[PDB]
Amino acid sequence: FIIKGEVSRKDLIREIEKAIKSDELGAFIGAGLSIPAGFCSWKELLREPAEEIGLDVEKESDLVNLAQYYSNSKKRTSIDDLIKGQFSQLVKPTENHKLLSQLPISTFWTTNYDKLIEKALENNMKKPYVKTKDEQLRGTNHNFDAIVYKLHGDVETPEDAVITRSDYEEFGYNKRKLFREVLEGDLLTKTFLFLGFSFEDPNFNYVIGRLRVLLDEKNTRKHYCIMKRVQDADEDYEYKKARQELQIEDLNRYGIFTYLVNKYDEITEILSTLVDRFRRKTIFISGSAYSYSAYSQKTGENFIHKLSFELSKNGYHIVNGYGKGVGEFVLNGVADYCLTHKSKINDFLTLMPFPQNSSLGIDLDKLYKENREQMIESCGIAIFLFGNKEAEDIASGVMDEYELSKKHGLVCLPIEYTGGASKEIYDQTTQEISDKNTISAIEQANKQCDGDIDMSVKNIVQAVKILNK
Amino acid sequence: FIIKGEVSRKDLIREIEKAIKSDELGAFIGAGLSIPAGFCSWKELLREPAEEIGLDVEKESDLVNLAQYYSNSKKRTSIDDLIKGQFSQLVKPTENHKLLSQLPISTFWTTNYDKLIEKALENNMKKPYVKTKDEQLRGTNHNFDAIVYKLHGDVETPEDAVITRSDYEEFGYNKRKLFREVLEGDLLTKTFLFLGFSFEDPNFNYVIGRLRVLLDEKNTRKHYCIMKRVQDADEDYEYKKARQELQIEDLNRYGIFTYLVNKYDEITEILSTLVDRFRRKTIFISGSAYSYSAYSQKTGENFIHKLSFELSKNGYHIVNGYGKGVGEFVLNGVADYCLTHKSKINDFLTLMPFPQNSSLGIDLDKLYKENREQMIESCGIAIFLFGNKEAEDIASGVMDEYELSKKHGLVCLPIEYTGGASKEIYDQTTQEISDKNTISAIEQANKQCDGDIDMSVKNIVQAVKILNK
Amino acid sequence: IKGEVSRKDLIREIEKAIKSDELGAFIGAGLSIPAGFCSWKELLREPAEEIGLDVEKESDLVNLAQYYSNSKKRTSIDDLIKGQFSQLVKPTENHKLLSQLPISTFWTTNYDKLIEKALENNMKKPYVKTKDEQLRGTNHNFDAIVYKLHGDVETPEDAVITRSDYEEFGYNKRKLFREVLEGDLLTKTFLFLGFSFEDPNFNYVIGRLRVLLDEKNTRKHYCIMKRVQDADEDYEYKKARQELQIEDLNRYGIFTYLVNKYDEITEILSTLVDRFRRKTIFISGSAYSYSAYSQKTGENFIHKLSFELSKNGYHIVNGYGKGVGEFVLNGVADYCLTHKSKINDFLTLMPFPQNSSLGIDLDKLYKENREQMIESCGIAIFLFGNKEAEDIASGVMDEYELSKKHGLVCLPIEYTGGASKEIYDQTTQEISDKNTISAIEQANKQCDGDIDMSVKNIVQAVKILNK
Amino acid sequence: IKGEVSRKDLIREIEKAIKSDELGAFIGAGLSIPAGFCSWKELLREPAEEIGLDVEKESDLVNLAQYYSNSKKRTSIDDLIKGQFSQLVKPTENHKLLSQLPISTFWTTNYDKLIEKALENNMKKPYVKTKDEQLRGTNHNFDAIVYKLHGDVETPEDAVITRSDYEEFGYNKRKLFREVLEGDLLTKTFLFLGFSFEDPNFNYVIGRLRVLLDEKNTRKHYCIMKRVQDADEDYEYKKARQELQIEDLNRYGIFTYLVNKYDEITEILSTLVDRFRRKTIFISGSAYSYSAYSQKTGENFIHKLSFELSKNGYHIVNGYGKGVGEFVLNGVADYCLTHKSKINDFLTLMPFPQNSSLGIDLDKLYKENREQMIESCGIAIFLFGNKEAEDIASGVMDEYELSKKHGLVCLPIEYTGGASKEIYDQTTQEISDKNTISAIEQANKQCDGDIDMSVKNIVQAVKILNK
């Protein structure tokens, strides 16, 4: 963490959180992230081809030149068939891919030929626009949730894929004319997180050459990367560590810093950390109230109103299941906020009501329960309120939503002085806590706020703010 | 309408509606659209400057060369001061600007130096991203509601504005390096509507030169323009008409077609036509029901559910004021639709609830009423339902919303067999109709649908579809 | 007015560019219209009526040509330039003078081939470049290149005429012309001739020089244009417009000289030709006997004179005469061997063989080459002029009349005798110029057997003629 | 194997490019390392240890140079090339042979100045181009240009060495080299010499030729490389790799010849020099008396021989001898006047003046110029060789020994007499080649007074030597 360009895990997270706080975060990904999913390294992929022309893949230092010689002796199609085959595998994305989908990353650039990165987004609520030819980059578009640039092409059109040496030589001339400037722009404006790459890749020199724009002293821009530290098992340990050090110091010239893991699992540990800490910006609200315990009806209505309002004032997104007695006034508070500050409500509120009569005339409970889980896994905090009706002392839905939040690792914030299932969750859950931050938030929220609502809503707001740091 | 490149008003509207139906619509605007707002033509703006160097503006055919000579004799600053002054005028946008803001135009390109085009959007709900230097075009951005390219610069930085001849010569070299490719892309991908321009502009040749990409036979792309037909008052009528004809036939080489008005007011007539016809894609729903007339509670709930559901199935956006008894189930129906087809609700529903307790502790009725009018002017249809409580035979809010819809020219669709204020509006309004399409929709909706809900919701859906053609 | 210059200032700076081979020429319609070609206004009159527009009312002839090409297809303008621009007209006196000057880089917007043939009407080997394929790579062999920016009449389908032919310039065709022109503009000093702010394509032409606006531009270029005339309506107004336009050009490093009649162009070029010709001298004579000198002394006087003429950077044209020319070769060969140079760089010979190569008369061809060779010289030095029994050698006297025909400064030497001395007795009485007379006096001074004094006299007389 | 060619095929196609002046040369480290420069592996050994890396373990020396430049600032490599590459080493025999060949365009990646000085070690005027400012515009004067793609040792701070020096190539610096190289590659036929697939910068170098992959490329280029050797480990494997690599080059229109020792390069260049030299001939002699001919007949025989030698496209080198050389000039002048050509294009003279220009001995300088001039000729023709009383003229016999020194094909004429006939009597007995003997027989045939038969004999003997 003093080798030039080296940074600590906390340094990495701090700067990444700046990029997230300013919507300047993008992702740059390579083969190192898809190989753990089940895809073949290029060495083995070229082993049999290498033997098919009379050369040993173990003897060749530059696999790019090897693919070129192969394309010459066995016609180009024979590499298309190699990529069409060994990269169209029916493989599931990794957990890293899902965590990347959950993050606020709108721009993705990748050199691998697989389609895992798109599927992680399609599985989440995001609908990517995957771009592979100049014709898609022309002009501008504002619509899609995210853009996935397939810089080195895609497995759906391998005859155009960037594989051989002359495919890199002809990059931008016969093909991909506009990729260069769009990539250089994203590199100078966004803060990028680099993942699936290694200095020992075969295509590395060609990949790094595109970043020549970052050598301009006027760059000022910083990007961050992750790679595996050299390991004792690796023979020539000290020598390869020196090589890797000089390789990172060379990398830092382009404004890229590096964090070093010891096994690739550690990558996920960071991504998850960033997902969880980001999820706490999105809160889940549960409850149902025919009666508002010690509060009068209008007082229990305006307490909810002023709580959702204050949560919007501090920049928090709300997910609610539009419960009886609760949802109308969560909406009312957020509408009061957005009307006060000429803001848009859909920027702050996502609802999950429970329909009565499916128009199609078919049960939708399965679909509804899945939608609910999809919304909840995007949340990081769960606040529970009331949970009572004339015949429900402990409303069922509230308890079901607590168990569901307990599954997704949400920080649970039951409110004791509301009664009902909310207080049942307080009485049960308070015995199952161990962390200082969570305990501090729980205590800060359930205070004896005199019944008075201003202090009552604040207590909860400060409990929320505590969990964000 | 047989001169090459000439088209009829109905032709123009048809093709424009294709571009709207495919989100491929953009706008290209010039000085001819801001002069009616109160700004000075360049001829008069250069009259005193022309005299300030010993030349008569009446004698000079090329005002661009005139601005160049002026910048030479009187230093460049003296033109900056000319633009800083005579273009920073505290002028209101025109009705054309507001109509353009109301349309689904996400990309705007303009050569004028004023800021009317941004203000028309800021007045509407849209928040434009005005781009003036390459640094803003680098990379990509997905966030903003619309992009306003100031191709020839802006009055906020006149020292960089494109004015003189050498400012066109140095276009793209010392300044505006990326504007050329972004503009060419938008021209080859979007369908553009050209407005504030004339063949007699002084900067015309330079402006049209950028479109050389459209001369490639592989262009296939079509764009549309509007200009004033020559008028008897114009001396040399027949000769100038021949010149204008050949000018349009030359224009059509770049894939641009032309419609000819006789006075500029006619422009607005078309824009309005496109706004109104587009507004009918967005429906306003009004009502309030403690009791559901001849329907049981659950039956009146599921009727609303199945109506909003069917309206979402046919691709219509809903604006509702979350009324008593009505809003919960408008939301429920749209949520049923979006959950059935894994769609997002905010794409279909915009709400305007009426809060009870302002958290700030100040009356918000003024703000709420303005928000309501802003939402309603975006709608083209108004459907009224029920409008009754225990003490309200004719709910007040429903009548107030009818008078408000009557102000904004909405097609009013009251439902008779719901009773209440809805039926009061039917009984009063049906005497104030004159158009075939509106009358046909009103009759198609209020049919004797047996009380049965499937036919009842259809009746209304077909009444809506009728007004869209 | 900024950007205006004096005629003598113009000649001085242009001659500086000549001194460093940094001189190129940029030519336009103003040089081809006087030869017999039709102005564009008239050339487009009948077409203009052919679409319903009047050339008298249309100020923008480029857009007019576009409209015509639109209604009547491209072919009909391919046929138009093929017609009234394919006239096989002889180049003007300006063209021949430019051929005589050391201009190796020619750029032109004209569609005719006048300047190319004017160069062909000489010892020059022009290489006309009109397509990118010719600009590719590098080549040094050809004597000069004529760059045709706006195409040529042999391929009018590619000519740059209409507006969109300018719009598509450099993208579909003529891709390399842009950067190569900018290079020549940033390295050479260019002389602009056939152009006026009132041309129809001016706005389009001037855009190509935008590189000269870079403040890092040290290069200066020069142009010649027609001054406004009282008869011209709005006289003072057009004088003001032209004044401000001249100040506008200077942004590109272009200066302007103003003529009152187009003849002045020829007067300047002619002047520059004359003053350039004096760097290369013609020598005449023949010595069967070495008068006033012993044989060896008359041989080495010639040898040591040609050597010093080469040392002072003057090119020699000689007819390899017996006894006079014979040793000029040896003297210049001694120079080039002394200074590791090549002989043809300093000596051009004009011999007369004894036997035709394979049976053909050569007298006419020889004299034609001779007259053209003398038109390349600016000074004519005469020496000896005697044969077996001819006190006044035959060729030398006619060569005096021939140098007098081509306006060469005649510098005969008296103390050599023969036809040279008869020409001396004639020329000293048939002159009126102070500089010429002063140089002649500096040349015919003498110490006698001391030959260095003679060689000095002659060399210093030459330098006097070059001031 | 595709892209391999025969030695005679190589010579034939290269001589086609020579016949059209379309020949250029592309040179690399393989020609400068044998002269005395250090391979890069060793040059980077001490630096490699200076950062903790072994050149024996690092396969990518470009990335290695980058790492070193990163830890130790750029200056320390500026100093490195300044040191072990600034050795003032003499050019090799290959360099001198390339100087003797008609190669006007030279492109090289080397940082030394061997090829430039080898050209300076001749009559050549090299113009070394290393910065964009020199490529701007156009110029035809200089005798040849040496393009230094990767910089020069005089400005190592700009040299292309590290990886990022290749990345920043054409963007910050050397902006115009890319398009000008592509032009020369698409128009000229280039001969590649000092390169191998095992070079460290090869991947980077080959990318510049991507334009040659355009299917519209008709141009063919040629290279020479070292064949694999049995001693080399993995012999058959390296033969397979090199085979596939040779087939890879042909995509760029590049063909390959394979040597077994680097000497073969010199053998090919030498061969091409010899066969090119025979297009230019040296003539010796002097005729105080015109043996076997009347005076006028011996004059016009020489005249009409030089004329026909010019007609058949052969350049003449003559020492302007009295009676022999004197009329060569007249004959070639008649030719150039007949065919509107310039004399120095066909005739190069080597005179010997009577009096030093201003008092300096010239014998040594004259003979040095002479030996270099004869090394430019491939055939030596001897004629007459007599003086006032010298049956065997002095200069001519030594010139026979001199042509024998430089390996010229000696073609003396018997029926002229003098030293020429003594050389004829010596040479006919001192030869062994069939072609040389056949041409000599074709030359010394005779009809006699009929001079056309004599001129034929000689010209046809020349053409026999050029087959």
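- By the method listed in its record, X-ray crystallography, this PDB entry was determined to a resolution of 3.40 Å.

1. Here we look at the overall build of chain A
Then, number 1: Helix and strand counts for chain A stand at 20 helices and 12 strands.
Then, number 2: Projected onto its principal axes, the C-alpha positions of chain A cover 85 × 55 × 40 Å.
Then, number 3: Considering chain A as a whole, with its 469 residues, one finds that 57% of them fall into the buried category.
Then, number 4: In chain A, of all internal contacts separated by at least 6 residues, the share reaching a separation of at least 24 is 76%.
Then, number 5: Surface exposure of chain A reaches about 20,500 Å², of which carbon and sulfur atoms provide 47%.
Then, number 6: Looking at charge distribution, chain A has the averaged site of its 63 positive side-chain charges lying 4 Å from that of its 74 negative ones.

2. Regarding the packing of helix α1 (residues 7-19) of chain D against helix α13 (residues 263-277) of chain D
Residue and element names in this part refer to chain D.
Then, number 1: Look at α1 against α13: their axes get within 11 Å of each other, and the N-to-C directions meet at 45°. On the basis of their axis angle, the class for α1 and α13 is oblique. Note that α1 runs across α13; the crossing there is right-handed. In this structure, α1 contributes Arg-7, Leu-10, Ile-11, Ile-14, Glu-15 and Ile-18 to the contact, and α13 contributes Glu-267, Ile-268, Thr-271, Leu-272, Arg-275 and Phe-276.
Then, number 2: When the residues that make up the contact of α1 with α13 are grouped by side-chain class, the tally is seven nonpolar, one polar and four charged.

3. Notes on the interface of chain C and chain B
Then, number 1: Every contact between the two is made by 31 residues of chain C and, on the other side, 32 residues of chain B.
Then, number 2: Taking both sides of the interface into account, the surface hidden between chain C and chain B amounts to around 2,900 Å²; carbon and sulfur atoms contribute 47%.
Then, number 3: The three residues of chain C that bury the most area against chain B are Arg-210, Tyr-237 and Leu-244 of chain C, which together make up 21% of that side's buried surface.
Then, number 4: Along the contact surface separating chain C from chain B lie eight salt bridges.
Then, number 5: For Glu-168 of chain C, the salt bridge goes to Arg-212 of chain B, with nearest N and O atoms at 3.1 Å.
Then, number 6: At the level of secondary structure, the elements contributing two or more residues to the side of chain C that touches chain B comprise α4 (61-71), α9 (163-167), α11 (202-206) and α12 (235-249) of chain C.
Then, number 7: Here the side of chain C that touches chain B gets six residues from one element, more than from any other, and that element is α12 of chain C.

4. Describing the domain arrangement of chain A
Residues and elements named next belong to chain A.
Then, number 1: Assigned domains of chain A: these are domain 1 (9-39 + 87-277) and domain 2 (280-467).
Then, number 2: Counting residues at the interface gives six residues for domain 1 and five residues for domain 2.
Then, number 3: Summing both sides of the interface, domain 1 and domain 2 together bury roughly 470 Å²; the carbon and sulfur share of this comes to 35%.
Then, number 4: Taken together, the connections running from domain 1 to domain 2 amount to one salt bridge.
Then, number 5: One can count three residue pairs in polar contact joining domain 1 with domain 2.
Then, number 6: When contributions to the side of domain 1 that touches domain 2 are tallied by element, the ones reaching two or more residues are α6 (95-102) and α13 (265-279).
Then, number 7: Partitioning the side of domain 1 that touches domain 2 into residue classes produces one nonpolar, two polar and three charged.

5. Brief notes about the relation of the copies chain C and chain D
Then, number 1: With an RMSD of 0.0 Å, the operation that places chain C on chain D is a rotation of 180° combined with a shift of 0.0 Å along the axis. In the structure described here, the two chain copies are related by an operation that fits a two-fold rotation axis. Distance from the rotation axis, computed per C-alpha, reaches its smallest value in chain C at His-140 of chain C: 2.0 Å.
Then, number 2: Taken as a fraction of all interface residues of chain C, those also at the interface in chain D reach 100%, which identifies the copy contact as same-surface.

6. Comments concerning the sheet that holds strand β8 (residues 280-287) of chain D
Residue and element names in this part refer to chain D.
Then, number 1: Taken in spatial order, the five strands line up as β10-β9-β8-β11-β12 in an open sheet, and their pairing is parallel. Only two strands of the sheet have a single neighbouring strand rather than two, namely β10 (347-349) and β12 (409-412). The sheet shows a mean angle of 25° between the axes of neighbouring strands, direction not considered.
Then, number 2: Relative to strand β9 (residues 315-318), β8 runs parallel, the two being bridged by four bridges. When the sheet's bridge partners are listed, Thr-280 is paired in β9 with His-315.

7. Structural notes on the arrangement of the chains
Then, number 1: When the four pairs of chains in contact are compared, the highest contact count belongs to chains C and D.
Then, number 2: Spatially, chain A and chain C are disjoint, and the shortest separation between their C-alpha atoms is 15 Å.
Then, number 3: The smallest C-alpha distance separating chain B from chain D is 15 Å, and no contact links them.

8. A word on the interface of chain C and chain D
Then, number 1: Facing 50 residues of chain C, the contacting portion of chain D comprises 50 residues.
Then, number 2: Of the roughly 3,900 Å² buried between chain C and chain D on both sides combined, carbon and sulfur atoms contribute 56%.
Then, number 3: Considering only the side of chain C, the residues that lose the most area to chain D are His-140, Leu-337 and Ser-357 of chain C, jointly responsible for 16% of the buried surface there.
Then, number 4: Summed over the shared surface of chain C and chain D, the number is two salt bridges.
Then, number 5: Among the secondary structure elements, those contributing two or more residues to the side of chain C that touches chain D are β4 (144-148), α10 (177-187), α14 (295-311), α15 (326-338) and α16 (363-375) of chain C.

9. Some details on the pairing of strand β5 (residues 191-194) of chain A
Residues and elements named next belong to chain A.
Then, number 1: Residue alternation in β5 divides its side chains into two sets, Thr-191 and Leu-193 and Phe-192 and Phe-194, and both sets are buried.
Then, number 2: In this structure, strand β1 (residues 25-29) lies alongside β5, joined through four bridges in parallel fashion. Considered in β5, the bridge of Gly-26 is made with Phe-192.
Then, number 3: Bridge count for β5 against strand β6 (residues 223-228) is two bridges, and the pairing is parallel. Its bridge partner lying in β6, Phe-194 is registered against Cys-225.
Then, number 4: Taking the sense of rotation as the criterion, the β-α-β connection linking β5, helix α11 (residues 204-209) and β6 turns out right-handed.

10. Quick look at the side chain of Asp-152 of chain D
Residues and elements named next belong to chain D.
Then, number 1: Among the structural elements, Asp-152 can be located in the loop between β4 (144-148) and α9 (163-167).
Then, number 2: Judged by relative accessible area, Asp-152 falls into the buried class, the value being 4%.
Then, number 3: Polar side-chain contacts of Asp-152 include one of 2.7 Å to the side chain of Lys-148.
Then, number 4: A distance of 2.6 Å separates the side chain of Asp-152 from the backbone nitrogen of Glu-154, its partner in a polar contact.
Then, number 5: When sequence neighbours within four positions are dropped, the list of residues in contact with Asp-152 reads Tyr-111, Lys-113, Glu-116, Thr-130 and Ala-159.

11. Focus: the sheet that holds β4 of chain C
Residues and elements named next belong to chain C.
Then, number 1: Taken in spatial order, the seven strands make up an open sheet running β3-β4-β2-β1-β5-β6-β7, and their pairing is parallel. Looking along the sheet, the strands with just one partner apiece sit at the ends: β3 (126-129) and β7 (254-259). Averaged over neighbouring strand pairs, the angle between their axes works out to 20° when direction is ignored.
Then, number 2: As judged from the four bridges shared by β3 and β4, these two strands associate in the parallel manner. What sits directly across from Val-128, in β4, is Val-146.
Then, number 3: Sheet strands touched by helix α1 (residues 7-19): β1 (23-27), β5 (189-192), β6 (221-226) and β7. Its angle to β6, the strand with the most contacts, is close to 145°.

12. Here's the deal with the nonpolar core
Then, number 1: Membership of the largest hydrophobic core comes to 84 residues, with the highest contact counts inside it found for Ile-383, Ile-460 and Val-464 of chain A together with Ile-383, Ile-460 and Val-464 of chain B.
Then, number 2: Residues contacting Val-464 of chain B, with those up to four places away along its chain left out, are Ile-283, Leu-311, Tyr-316, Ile-381, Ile-383 and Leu-413 of chain B.

13. Details of the packing of aromatic side chains
Then, number 1: Throughout the structure, instances matching the rule amount to 86 aromatic pairs over all chains.
Then, number 2: Aromatic side chains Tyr-129 of chain A and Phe-144 of chain A sit 4.6 Å apart centroid to centroid with 45° between the ring planes, which places their arrangement in the tilted category. With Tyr-129 of chain A in strand β3 (residues 128-131) and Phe-144 of chain A in the loop between α8 (134-137) and β4 (146-150), this pair connects stretches of sequence that are 15 residues apart.
Then, number 3: Judged by its relative accessible area of 23%, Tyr-129 of chain A falls in the partly exposed class.
Then, number 4: Residue classification places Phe-144 of chain A among the partly exposed residues on the basis of a relative accessible area of 33%.
Then, number 5: Considering the side-chain rings of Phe-382 of chain D and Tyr-400 of chain D, the 6.2 Å spacing of their centres and the 85° angle between planes classify their relative orientation as edge-to-face.

So, how was this worked out
Residues numbered from 1 in each chain as written, not as in the entry; some residues may be left out. Chains lettered and ligands numbered in written order. Heavy atoms only, no water. Helix = DSSP H or I, 4+ residues; strand = E, 2+ residues; numbered from the N terminus. Buried < 20%, exposed > 50% of the residue type's maximum accessible area, 1.4 Å probe, protein only. Contact = heavy atoms within 4.5 Å. Areas by Shrake-Rupley, 256 points an atom, 1.4 Å probe, with all protein chains shown as cover. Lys, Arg positive; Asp, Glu negative; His and termini not counted. Charge placed at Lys NZ, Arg CZ, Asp CG, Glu CD. Axes fitted to C-alpha atoms, helices over the stretch in contact; angles between N-to-C directions. Parallel < 35°, antiparallel > 145°, perpendicular 65-115°, else oblique. Left-handed = near helix turned anticlockwise from the far one by under 90°. Nonpolar A, V, L, I, M, F, W, Y, C, P; charged D, E, K, R; others polar. Buried area = accessible area lost by both parts, 1.4 Å probe. Salt bridge = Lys/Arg side-chain N within 4 Å of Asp/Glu carboxyl O. Domains from an automatic or database assignment. Polar contact = N/O pair within 3.5 Å; in protein donor to acceptor, adjacent residues only side chain to side chain. Least-squares fit on C-alpha atoms. Pairing = 2+ DSSP bridges. Right-handed = clockwise from strand over helix to strand, strands pointing away. Core = buried A, V, L, I, M, F, W, Y, C linked by side-chain atoms within 4.5 Å. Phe/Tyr/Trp six-rings, centres within 6.5 Å; stacked < 30°, edge-to-face > 60°.

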